[PDB]
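Excluded from the calculations below are hydrogen atoms, water molecules and symmetry mates; all remaining heavy atoms, backbone and side chain alike, are included. Residue numbers start from 1 in every chain, and the chains themselves are labelled A, B, ... in the order their sequence lines are given, proteins ahead of strands.
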Amino acid sequence: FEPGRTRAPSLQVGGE
Amino acid sequence: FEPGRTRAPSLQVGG
Amino acid sequence: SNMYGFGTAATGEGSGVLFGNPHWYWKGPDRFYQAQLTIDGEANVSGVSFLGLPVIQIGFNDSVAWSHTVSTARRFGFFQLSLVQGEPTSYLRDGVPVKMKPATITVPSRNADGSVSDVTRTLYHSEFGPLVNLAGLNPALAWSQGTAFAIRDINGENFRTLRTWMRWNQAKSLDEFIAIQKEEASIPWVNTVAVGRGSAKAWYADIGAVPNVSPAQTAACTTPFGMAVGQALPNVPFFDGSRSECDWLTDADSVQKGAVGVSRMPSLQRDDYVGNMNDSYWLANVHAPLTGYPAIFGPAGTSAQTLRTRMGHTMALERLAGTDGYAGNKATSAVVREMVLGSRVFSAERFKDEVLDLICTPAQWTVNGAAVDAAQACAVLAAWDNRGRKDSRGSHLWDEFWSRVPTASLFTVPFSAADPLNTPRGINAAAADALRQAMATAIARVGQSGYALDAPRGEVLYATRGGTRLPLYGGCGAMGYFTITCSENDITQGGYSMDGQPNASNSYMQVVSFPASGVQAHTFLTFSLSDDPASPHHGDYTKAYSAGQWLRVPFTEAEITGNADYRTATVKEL
Amino acid sequence: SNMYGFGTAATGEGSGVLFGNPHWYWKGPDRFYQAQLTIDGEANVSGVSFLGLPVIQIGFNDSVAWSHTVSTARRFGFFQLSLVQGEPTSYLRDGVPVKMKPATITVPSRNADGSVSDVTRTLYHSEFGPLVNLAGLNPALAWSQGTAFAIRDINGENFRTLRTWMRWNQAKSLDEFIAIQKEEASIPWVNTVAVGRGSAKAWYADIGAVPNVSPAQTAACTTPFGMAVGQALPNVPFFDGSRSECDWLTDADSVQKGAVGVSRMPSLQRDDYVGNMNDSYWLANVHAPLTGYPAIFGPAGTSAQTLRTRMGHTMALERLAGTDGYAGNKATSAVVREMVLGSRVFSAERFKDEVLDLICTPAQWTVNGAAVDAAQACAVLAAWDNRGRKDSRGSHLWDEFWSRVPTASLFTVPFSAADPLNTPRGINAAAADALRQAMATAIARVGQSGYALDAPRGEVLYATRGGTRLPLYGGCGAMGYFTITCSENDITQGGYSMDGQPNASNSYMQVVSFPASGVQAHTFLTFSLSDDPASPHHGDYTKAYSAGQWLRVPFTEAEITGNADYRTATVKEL
Amino acid sequence: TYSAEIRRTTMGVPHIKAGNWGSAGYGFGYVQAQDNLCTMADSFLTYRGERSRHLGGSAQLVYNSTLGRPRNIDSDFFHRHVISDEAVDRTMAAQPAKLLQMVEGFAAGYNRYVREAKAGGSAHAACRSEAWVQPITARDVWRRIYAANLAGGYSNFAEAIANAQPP
Amino acid sequence: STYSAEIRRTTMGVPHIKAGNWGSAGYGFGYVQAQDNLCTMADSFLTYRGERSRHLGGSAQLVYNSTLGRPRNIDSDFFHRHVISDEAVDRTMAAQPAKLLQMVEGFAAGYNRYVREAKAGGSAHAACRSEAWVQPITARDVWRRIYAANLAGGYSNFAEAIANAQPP
Ligand SMILES: CCCCCCCCCC(=O)O
Ligand SMILES: *C(=O)CCCCCCCCC
């Protein structure tokens with residue numbers, strides 16, 4: 001596993 | 001190989 | 001989204017005031033639609049629905065008024081599945097292979113040449129919910145020959161939401177509203193605040209459908225992948241789908257299997273105020289903080305609050321102290337109406353002076369080896385009123401600057417749970433060069449926009465209707481606005497136009513109270529009722545919003561028929 | 001892109017006429033920059049370079065003039081690699097393992113908080129070129145335990161291009177120009193058309209760097225994966241990397257290894273005309289089609305020509321026959337300047353009457369069960385001149401309509417190679433409902449855009465400079481325009497604005513001839529010289545383009561110093 | 001026999017008055033479509049997974065929403081697989097009688113306006129004559145209702161769910 | 001031994017560079033291109049050098065469309081570092097005639113001259129003049145750019161796919 005490759009998704013409903 | 005999962009790339013320079 | 005519930009001690013009258021302020025879409029099917037439903041012997045409800053929804057989701061009746069803001073509480077989890085060797089479409093469960101329910105789906109698709117041809121694939125369910133391609137999250141999370149991943153959303157099995165609004169639409173008091181919420185525990189992804197007639201206490205709750213996992217469980221059940229990805233998905237249970245002791249739990253007062261029980265979900269009653277601006281349940285009321293609720297609901301005093309949260313609570317406190325420049329010290333319908341549109345800017349109020357003192361002497365700079373003349377920027381910002389009103393000058397310069405300030409080591413006074421409105425603070429002197437870099441860029445961006453540094457905001461921030469630009473006020477939560485008018489349009493591309501698809505902004509607004517003669521409600525639907533540019537209701541409401549003229553919405557039969565623009569028509573059929 | 005080379009027979013005079021019309025970017029580093037380079041006793045050349053390029057790529061000198069269009073000839077290929085088991089970074093060559101060359105690359109990357117951190121990954125080269133991730137092309141084409149994929153571009157080893165233009169810049173005749181092109185065989189991805197002073201014939205060629213594969217190779221070397229995906233990569237060799245016999249070939253007169261030899265690349269000399277509008281070499285001249293060149297160059301008489309190619313050759317022929325409504329039958333400098341901006345619309349000229357005849361009686365319709373008034377649409381289109389000139393009324397309706405017509409058996413006369421300009425043709429009467437569906441939609445789009453159906457094109461199609469919308473003319477190749485002004489903006493988003501990043505459009509234009517007194521060139525740089533909004537040269541050329549006023553670009557010393565806007569200064573340093 | 005009185009006041013705010021829940025549904029569905037037909041009709045292609053049929057697989061969703069703007073083809077797969085006939089059945093089975101009546105009316109109110117927009121009028125010129133302005137069913141509204149619930153979970157991973165495929 | 005170029009401008013600003021040698025022609029040409037198009041160009045030299053992400057963040061797309069299309073900064077960076085390596089530049093330069101190597105050195109020097117001017121003051125290029133990525137370049141960087149132009153028919157079209165090719 002390589003954390004540098006992680007793409008956090010946006011999890012705020014209605015947000016950006 | 002499922003031919004319907006193929007996505008054609010951009011092949012026309014400038015297009 | 002913001003909301004306030006003021007209680008009778010705050011208003012000094014017989015009932016409280018509800019302020020509902022969802023920050024939401026200006027276009028599309030999720031946009032709000034304002035209407036009243038009068039059903040003989042059943043309901044008299046008014047407020048707002050998503051387009052396509054048949055009951056009122058945010059509004060009021062003769063007896064209660066409520067609103068919603070998106071809650072920090074996570075509403076889903078992942079399940080890591082250990083696949084049967086040789087069989088990628090099957091997963092192990094306590095030692096037994098369990099097959100994934102398939103579904104072969106064919107979707108007709110119009111081709112760029114005009115003809116319509118079928119596209120087909122087979123997708124799968126686990127018992128937890130649908131399979132999910134997590135390669136996007138991280139490439140190591142691909143559906144291998146060894147492991148797969150499925151997502152569960154507790155709302156995927158929540159069939160109680162419509163009835164719950166339906167019953168709220170009918171509710172005859174705050175106590176009844178509360179009991180319905182507790183009975184149904186159905187609220188899918190939002191907080192709730194409500195005020196009732198003759199009731200002294202305002203109501204806050206994050207009582208709804210929420211995954212149920214224990215601290216012992218997340219220690220034992222989180223996989224090595226779930227660990228390595230845990231920070232990208234804060235408080236999202238990323239569990240072992242092979243062991244059943246890892247299934248979501250069910251409390252003795254739990255309404256739905258795998259969901260948190262009613263007594264372990266945060267709520268609060270106050271006679272002064274409750275409020276929420278998208279941070280956790282923690283600070284529903286600043287004077288009486290909430291703690292001791294499941295992790296999944298979000299941080300309870302361990303994270304800095306957003307600038308907007310700091311602004312929203314600050315506004316409430318200063319109203320009740322009588323220090324916000326409005327009359328007296330009560331949260332009356334009339335004052336609340338003005339207050340919520342005032343367009344104060346938290347970052348500017350708290351940090352502008354410090355920034356300017358730090359970087360403006362001298363105002364002639366060397367930034368990235370380049371001569372930069374920041375004298376006009378410095379003077380304009382010093383002169384500016386720290387607001388985003390239509391006639392506020394230089395406010396957009398601040399927006400382009402602040403949104404660009406690096407936040408690593410920006411403050412020297414770190415967040416303190418004992419002082420959540422005033423921390424973090426103290427602009428770091430070591431940040432001076434970076435601040436000058438950001439300001440240099442901001443100046444340049446306003447430069448290409450064609451606007452002057454000191455332009456009034458109303459010329460920068462606008463909505464177009466009938467060929468005319470209506471001046472707007474407010475801004476984005478990142479600058480610590482409470483009044484939200486947040487364009488997605490780059491300043492260089494014609495200013496802060498609200499004509500496209502803006503970011504979550506003021507949409508349906510309501511200030512509701514209960515004087516002796518019956519519910520009064522003052523409302524906005526900022527983008528107007530109709531999406532058709534030919535309709536006379538495409539831009540009328542937007543003109544009122546621009547002018548800051550709250551609509552007193554008629555509610556009683558006498559009010560409806562006595563309205564200056566009253567029209568009626570009947571529609572029948574079968 | 002378009003270009004014409006007119007011979008002396010066609011001009012009537014002692015020299016030919018060159019028309020250069022690359023359709024290219026309006027913004028970005030690949031945009032053209034117009035300039036003249038005068039190097040003491042060595043070169044005097046004028047025309048255009050990409051930004052960042054030091055020699056002229058499209059231009060002219062006192063002796064030759066030339067231009068380029070993107071060629072149909074493929075310049076790359078894929079190689080499928082048979083991986084060594086247990087070692088996914090090695091591949092087999094005739095049963096011999098070969099190591100892939102690794103490169104560990106670290107790139108610093110700015111994080112959203114302001115700080116900069118290193119991101120690193122090891123990438124690989126094969127003896128064919130870089131390794132390539134084809135999972136996006138098809139997920140079955142991933143880099144697996146046994147299979148990898150590399151891409152070879154013949155220009156990866158082509159270090160001759162810059163040198164070639166430089167030699168062209170200095171060339172003293174067409175003869176020399178041609179000999180240079182042949183010697184270097186370097187032109188990376190474009191056709192070339194040139195005209196010389198004192199030469200009767202105009203030159204066309206697709207002579208440059210092109211991957212060399214045989215018919216025998218294509219049948220034997222294309223892999224099952226190559227077979228399966230060839231339809232999405234037409235004429236692209238997708239060969240077996242395991243077999244040395246599948247390496248690219250080298251002819252006896254190849255300038256570069258693995259590239260097509262000079263005698264097997266298409267060229268033609270004509271004293272009437274040559275032209276290209278992005279179709280294959282085939283119809284460089286309609287009277288003398290070219291055939292028998294390697295398949296990689298594209299089809300030669302098996303494929304219908306684009307609408308733009310049909311327009312371009314039609315314009316050429318109608319000029320020389322004297323039937324296009326300009327004076328005489330000669331391709332003189334002044335007449336070419338007009339015709340190339342004429343803005344004729346091929347689809348309309350050929351099929352509008354057939355379309356209208358078919359669906360406009362009656363003009364009141366039922367489409368998708370809905371009443372549609374098409375009397376305005378039908379009348380506006382009938383009255384429309386079939387051109388996209390500034391004052392052309394209704395042309396945008398046609399754009400919105402034609403681009404939406406389904407082409408699945410729209411025509412009843414199929415393409416014929418003996419009638420390549422006029423086939424396919426003949427509107428299928430059965431398409432009647434589909435055409436009315438297309439027209440209904442077009443009406444609706446123009447409706448919600450705010451433009452009237454008969455609005456003049458110049459109000460719809462524009463470039464903004466100094467806050468004023470300069471009216472434009474021309475359109476998109478899809479409609480069969482030759483004069484290309486093709487916006488990326490949807491008509492509902494404020495018309496066909498050219499202010500963003502439009503699709504390939506008229507950029508640098510030149511009309512060059514060689515009268516007795518010396519070369520004469522008339523030019524446009526449509527978007528203007530400078531990207532800086534504050535520059536005097538941000539919008540001046542654009543204003544001239546809007547007015548259709550070709551610039552006589554000064555070339556002699558006396559012309560330069562005698563120019564009304566002449567300014568000189570000298571820069572120097574150690 | 002649905003019957004609703006529609007009262008409009010300043011800014012057009014409608015006030016539906018009916019004797020029963022079904023007829024309230026009728027009046028409410030009517031006014032929503034009357035004011036927002038193009039947004040709504042486009043939205044029913046969305047929840048039914050019929051976007052690609054009319055608008056093309058590779059095109060994105062027109063409007064932003066709790067769904068974001070994924071490709072039509074992926075949205076279509078998402079909604080069919082997650083908002084399946086079984087899910088809609090299961091949703092409906094749990095509903096009280098008056099609410100099932102309301103949704104019925106709502107679909108029928110919507111369909112009424114659709115007929116009217118098809119017949120003529122200068123309203124909704126953007127889309128009134130398009131194929132995807134068409135009647136809908138009570139189930140389709142239930143699709144919409146269920147869809148709004150998933151904003152916190154499935155909706156955020158629509159592209160991802162539609163492309164969950166074994167090696 | 002000095003670069004020296006006469007810059008003659010006419011209608012529309014069209015520059016006519018007059019020089020005694022190729023180096024000095026390059027100098028004048030590099031200067032005028034920068035004078036008119038600094039922000040586009042400075043941004044472009046990040047692309048070819050693979051230094052976009054450092055300045056503009058890895059997940060943003062290229063600002064401008066080109067033969068490269070508009071991939072993400074991070075991937076563009078790896079593409080260019082990988083394909084337009086130092087070895088690729090060395091090989092490109094080795095094949096050049098002396099006069100062109102001098103022209104490109106002149107060109108970089110001229111570009112750098114205008115960068116010193118923009119940095120010093122004035123109202124031109126107000127959009128980017130104070131940014132860190134407006135900076136001097138080398139002859140090698142111009143060669144990077146030249147090599148990049150040749151790749152449009154092949155590698156440029158698969159930039160993102162080349163940047164992400166790795167074994168399991
Ligand atoms: C399923 C619908 C959820 C509750 C409706 C309220 C939506 C408001 C969202 C927000 O607070 O920004
Ligand atoms: C139109 O399709 C082609 C125009 C682009 C030509 C670019 C100049 C030659 C550089 C290789």
Side-chain angles (χ1 to χ4, degrees), chain B residues 12-13, chain D residues 1-7 18 20 66-77 154-155 158 160-161 164 168 174-175 177-196 199 201-215 218 234-237 248-256 258-306 308-309 312-313 316 417 420-421, chain F residues 153:
Chain B
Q12 174 70 345
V13 186
Chain D
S1 308
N2 307 315
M3 55 188 176
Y4 290 128
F6 289 108
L18 189 284
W66 75 99
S67 186
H68 295 303
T69 60
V70 169
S71 157
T72 49
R74 302 283 182 251
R75 310 292 167 144
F76 74 96
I154 19 77
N155 300 309
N158 181 9
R160 300 182 313 281
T161 63
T164 306
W168 279 349
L174 183 62
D175 275 7
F177 184 97
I178 284 157
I180 287 167
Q181 190 164 359
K182 295 197 173 175
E183 273 176 63
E184 299 292 354
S186 62
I187 305 308
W189 40 270
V190 285
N191 298 295
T192 304
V193 166
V195 151
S199 293
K201 297 163 188 275
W203 167 255
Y204 165 85
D206 204 347
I207 287 170
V210 177
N212 184 6
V213 304
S214 75
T218 299
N235 304 307
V236 176
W248 295 350
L249 301 166
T250 307
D251 295 333
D253 63 0
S254 280
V255 176
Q256 189 178 321
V260 182
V262 182
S263 67
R264 286 191 315 122
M265 295 192 277
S267 76
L268 182 70
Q269 293 177 66
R270 295 285 293 184
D271 62 48
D272 57 345
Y273 92 100
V274 290
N276 184 269
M277 302 81 214
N278 298 119
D279 269 294
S280 80
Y281 69 97
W282 185 47
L283 251 35
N285 180 296
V286 163
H287 311 297
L290 284 170
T291 54
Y293 292 87
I296 196 164
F297 285 98
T302 53
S303 275
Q305 308 296 280
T306 64
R308 176 154 59 78
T309 292
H313 286 295
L421 296 192

(message) Are D:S186 and D:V255 packed together at the side-chain level, in the sense that at least one heavy-atom pair is separated by less than 4.5 angstrom?
(response) no
(request) Take D:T69 and D:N191, measure what side-chain hydrogen bond (donor to acceptor under 3.5 Å, both in side chains) needs, and give me the verdict at the end. (result) CA-CA 5 Å; D:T69 60; D:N191 298 295; 3.2 Å; yes
(message) Nearest 0.5 Å, please: how far is CG in D:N155 from OG1 in D:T161?
(response) 7.5 Å
(message) Using a 3.5 Å distance criterion without hydrogens, assess whether the side chain of D:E184 forms a donor-acceptor pair with backbone atoms of D:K182.
(response) no
(request) Considering non-hydrogen atoms only, spot the tightest contact between D:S280 and D:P299 and give its length. (result) OG-O, 2.7 Å
(message) D:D251: which residues meet the salt bridge (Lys or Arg N to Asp or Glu O under 4.0 Å) condition with it, sequence neighbours left out?
(response) D:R264
(message) Using side-chain heavy atoms (C-beta onward) and a distance below 4.5 Å, is D:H68 in contact with D:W189?
(response) no
(request) Of all the heavy-atom pairs spanning D:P266 and D:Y204, show the shortest one and how long it is. (result) O-CE2, 4.3 Å
(message) According to side-chain hydrogen bond (donor to acceptor under 3.5 Å, both in side chains), who are the partners of D:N278, at least two apart in sequence or on a separate chain?
(response) D:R308
(request) Measure the shortest side-chain to side-chain distance between D:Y4 and D:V193 over non-hydrogen atoms and say whether it is less than 4.5 angstrom. (result) no
(request) Examine distances only and state if a side-chain atom of D:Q256 and a backbone atom of D:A209 form a donor-acceptor pair shorter than 3.5 Å. (result) no
(request) Kindly compute the distance separating CG (D:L290) from CG (D:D206), expressed to the nearest 0.5 Å. (result) 10.5 Å
(message) For D:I154 versus D:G258, what's the shortest heavy-atom pair and its separation?
(response) CG2-O, 4.0 Å
(request) Mind checking side-chain contact (heavy atoms from CB on, under 4.5 Å) for D:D175 and listing every partner two or more places apart, or none if nothing turns up? (result) D:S173
(message) Counting C-beta onward and ignoring hydrogens, is there a side-chain heavy-atom pair between D:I180 and D:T164 closer than 4.5 Å?
(response) yes
(request) Considering non-hydrogen atoms only, spot the tightest contact between D:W66 and D:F177 and give its length. (result) CB-CZ, 3.6 Å
(request) Could you tell me which non-hydrogen atom of D:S254 sits nearest to which non-hydrogen atom of D:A259, and how far apart they are? (result) OG-O, 2.7 Å
(request) Name all residues meeting the ring pair (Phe, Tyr, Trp, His ring centres under 6.0 Å) criterion together with D:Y281; count only those two or more places apart in sequence or in a different chain, and write none if there are none. (result) D:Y293
(request) Would you please name every residue forming a side-chain contact (heavy atoms from CB on, under 4.5 Å) with D:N285, sequence neighbours left out? (result) D:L268, D:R270, D:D272, D:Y273, D:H287
(request) Mind checking side-chain hydrogen bond (donor to acceptor under 3.5 Å, both in side chains) for D:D253 and listing every partner two or more places apart, or none if nothing turns up? (result) D:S263
(request) Not counting sequence neighbours, which residues clear side-chain hydrogen bond (donor to acceptor under 3.5 Å, both in side chains) with D:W203? List them please. (result) D:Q181
(request) Would you please name every residue forming a side-chain contact (heavy atoms from CB on, under 4.5 Å) with D:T291, sequence neighbours left out? (result) D:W282, D:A300
(request) Nearest 0.5 Å please: distance from the CG atom of D:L283 over to the CG atom of D:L421. (result) 6.5 Å
(request) Kindly compute the distance separating CD1 (D:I178) from CD1 (D:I207), expressed to the nearest 0.5 Å. (result) 8.5 Å
(request) Please list, chain by chain and in numerical order, all residues satisfying side-chain hydrogen bond (donor to acceptor under 3.5 Å, both in side chains) with D:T309, sequence neighbours excluded. (result) D:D279, D:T306
(request) Check D:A202 against D:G7 and note the closest heavy-atom contact, atom names and distance. (result) CB-N, 4.1 Å
(message) Closer than 3.5 angstrom, by distance alone: can the side chain of D:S1 be matched with the main-chain N or O of D:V70 as a donor-acceptor pair?
(response) no
(message) Tell me every residue that passes side-chain contact (heavy atoms from CB on, under 4.5 Å) with D:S214, counting only those two or more places apart in sequence or in another chain.
(response) D:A216, D:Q217, D:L249
(message) Just verifying a value: how many Å separate D:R75 CZ and D:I187 CD1, rounded to the nearest 0.5 Å?
(response) 9.5 Å
(request) Can you measure from NE2 (D:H313) to CE (D:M277) and round to the nearest 0.5 angstrom? (result) 5.0 Å
